[PDB]
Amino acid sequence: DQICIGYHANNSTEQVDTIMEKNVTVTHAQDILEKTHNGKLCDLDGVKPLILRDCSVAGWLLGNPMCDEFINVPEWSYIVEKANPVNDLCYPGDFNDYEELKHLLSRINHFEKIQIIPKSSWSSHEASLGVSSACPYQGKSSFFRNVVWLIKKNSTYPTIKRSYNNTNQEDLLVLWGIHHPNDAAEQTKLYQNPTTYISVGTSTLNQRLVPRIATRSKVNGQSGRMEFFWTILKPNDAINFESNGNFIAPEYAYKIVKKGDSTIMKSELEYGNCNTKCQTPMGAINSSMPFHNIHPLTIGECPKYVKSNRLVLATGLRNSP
């Protein structure tokens, strides 16, 4: 008669690595790395992403006429912008401190748009022929919907002096711009006054823009340029404009109703009409794994990103042949 001591074996093939030996077959193991995703862009905790499709952040915010979908947008979980969206600045130009503004959008979940300068209100100047063929809408030459390209009326551009008091108990994103004409002849043609300026002031802001003239390559059929500036106007503070030419006035200014966790995700992908609690640029994640290896930039309740192809822990013991 005898009694032996021994240990478990089974039909498992799962292997794990150690420092001294690799591909060690074990009886039990636990994968801790999530390797899969659904391949779609998706609602996060129910809340839909703002998918700009082919519009850019600038295109949306300036109200490019191709970005009609994104007038009065509902609140979003996160934002999706392509790498090189075609519908950016229709009229050639620059967006001043664009990246610093995009950064602000990571802290923002919802804008509510409001009018501060009525388009009609420009009684002394002409407001309805401030268009270009670079921004076409339904065949006709149009312009950024949120700003007014002011021109002279019966050959006179009198000084503009406008003030807006923020009486909303919110911060307010104000946008405006300046036009940089091609030659001294076009300067006089549009605004008459040979030397012009735009002075914008707030409690903090103390700015004075002047148009710079230069011969430039035709981008989108135009050698003229627009340079757009912005500020956050704090509540109970007034912004003051004064200009004798080349001024792009604000019609609408976005109001910042909700501030939360958001992000500007970069993805060529569209919309799966799916829901998740962890999103990536390549797709969405649904797992209990502590790790994943899909893509570093995620949003929501996510496992930790690593570059590993494999993370498997031995739980059981060396399995015999």
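Numbering starts at 1 and follows the sequence shown. What we label the rigid core is the largest C-alpha set whose atoms superpose within 1.5 Å from one form to the other.
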message: Root mean square C-alpha distance from this form after a core fit in 4 other deposited structures of this protein: higher for 66 to 74 or for 257 to 265?
response: 257 to 265
field: Mean C-alpha temperature factor, higher of 184 to 192 and 72 to 80
entry: 184 to 192
query: Taking the recorded C-alpha temperature factors, which stretch has the higher mean, 22 to 30 or 292 to 300?
result: 292 to 300
statement: Comparing C-alpha B-factors across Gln207, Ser203, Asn96, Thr215 in this entry, the winner is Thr215
- prompt: Whose C-alpha has the highest temperature factor in the PDB entry: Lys102, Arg162, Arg107, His110?
  reply: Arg162
message: Among the modelled residues of this chain, does the Cα B factor of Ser262 put it in the lowest, middle or highest third?
response: highest
- line: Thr276: CA B-factor among chain residues, third -> middle
task: Relative to the other modelled residues of the same chain, rank the CA B-factor of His37 and answer lowest, middle or highest third.
output: lowest
task: Compare the C-alpha B factor of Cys55 with those of the other modelled residues in its chain, then answer lowest, middle or highest third.
output: middle
message: Using the temperature factors of the C-alpha atoms in this entry, rank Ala284 within its chain: lowest, middle or highest third.
response: lowest
